[PDB]
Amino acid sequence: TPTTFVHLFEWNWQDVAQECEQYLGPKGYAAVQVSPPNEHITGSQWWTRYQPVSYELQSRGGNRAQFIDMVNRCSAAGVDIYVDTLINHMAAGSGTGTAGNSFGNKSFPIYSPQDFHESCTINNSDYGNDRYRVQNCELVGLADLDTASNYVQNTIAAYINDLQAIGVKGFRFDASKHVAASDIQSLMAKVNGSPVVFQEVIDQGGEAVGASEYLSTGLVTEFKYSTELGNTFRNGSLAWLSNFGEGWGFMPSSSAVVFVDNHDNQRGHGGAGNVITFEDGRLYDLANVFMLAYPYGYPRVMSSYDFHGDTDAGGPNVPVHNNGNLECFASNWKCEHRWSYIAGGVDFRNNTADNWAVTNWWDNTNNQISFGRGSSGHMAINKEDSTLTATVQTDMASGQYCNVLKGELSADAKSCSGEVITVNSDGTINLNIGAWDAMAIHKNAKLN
């Protein structure tokens, strides 16, 4: 069952289509979040994608034709597409868009100065004591659209509805905190059907605007998950995760979009250094294994590129699928969604979707944990400097299982590609996990 989606950060339409047919679809990924496909300002910086000029499908990722082809191809492979939608603003300054359109002085092909909120700057302290300035003033100088305007609403809605007609099944509302929740409601009233919608709202607490205000318009990004998970894995005890989720003050599980990191906090935006990224290697594997195994929220695996200490830089100069050569894992695209442990985690979540409970939780009071998903699957993570050899209780049928984190079951289910885990007649497992390693098994990866 589909349970996880991925963000192919800066991946062009051609790369996404191939990635859907060759890996994402076969591995069970539910969807792919693409970078803004609408016309935006010129420049190699990744953030240019967040400064719109018009809603024409002409961007760094490709043209409209290529965009459509990507939607059809992914759909055919069983993978949905979520479009990152800029519902809060338009580009700053002036210039020409990726489609040739000119803009300046808050004048755009589809917007005039009157369709924007009077200019003012959002100041740090505004987040804490001034709701008005947060949703009416400019975010980093970006022209703040008057989202209360019926015209603006119709324009953004027509954009979303048109994308749905093409086949887009979901949308990410960018900078949703900077847009009044009631404004988003009026917007959703103009949206056809009921597509998947998740709103980006960074709320670590103590904000004038709270994430909970957006629970009626769609899913909401739970940034506490990324920060708290990273802080615990780096500086705390995994044993504290026994009640992760609402127990830590997070939003309801059925409303949250979670992740280990995102393109923003992996480079200092909305997240401190405690956030875990691909740069932390095995630490990243483990955090992902936890997130994917734990039954909280709708997880989005991050897929990035090595920006070489340059937080402004755009992606690699070569595509992912470059003439038969996969530009992954090196100094270009990281392709974390292909990392054995991460992809294995997705397989686990997909096969435990029939039991969203945490059963038989065990820990060594510190950095060793194990828990299951009823009789559907079991897992364990060892982050101590000594081997984890504890015997844990599980609800799984006795037999031999593939550690889906290190391999997979064969076609004839007669063998595994990775290590084998045994469940004794009493349903217990005699763990043997080295330092900084883990294991995960499920009912659909049992040896025949």
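Residue numbers run from 1 along the displayed sequence.
If you average the C-alpha B-factors over 91-99 and over 135-143, the higher value belongs to 91-99. The question of which stretch, 222-230 or 350-358, has the higher mean Cα B factor is settled in favour of 350-358. Across the residues 382, 66, 51, 35, the deposited record lists the maximum Cα B factor for 66. Highest CA B-factor among the listed residues (314, 206, 377, 113): 206.
In the PDB entry, a CA B factor belonging to the middle third of its chain's modelled residues is recorded for residue 109. In the deposited entry, the Cα temperature factor of residue 282 places it in the highest third of its chain's modelled residues. The PDB entry assigns residue 72 a C-alpha temperature factor belonging to the highest third of its chain's modelled residues.
Residue 154 sits in the middle third of its chain by CA B factor, as recorded in the PDB entry. Among all modelled residues in its chain, residue 23 ranks in the highest third by Cα B-factor.
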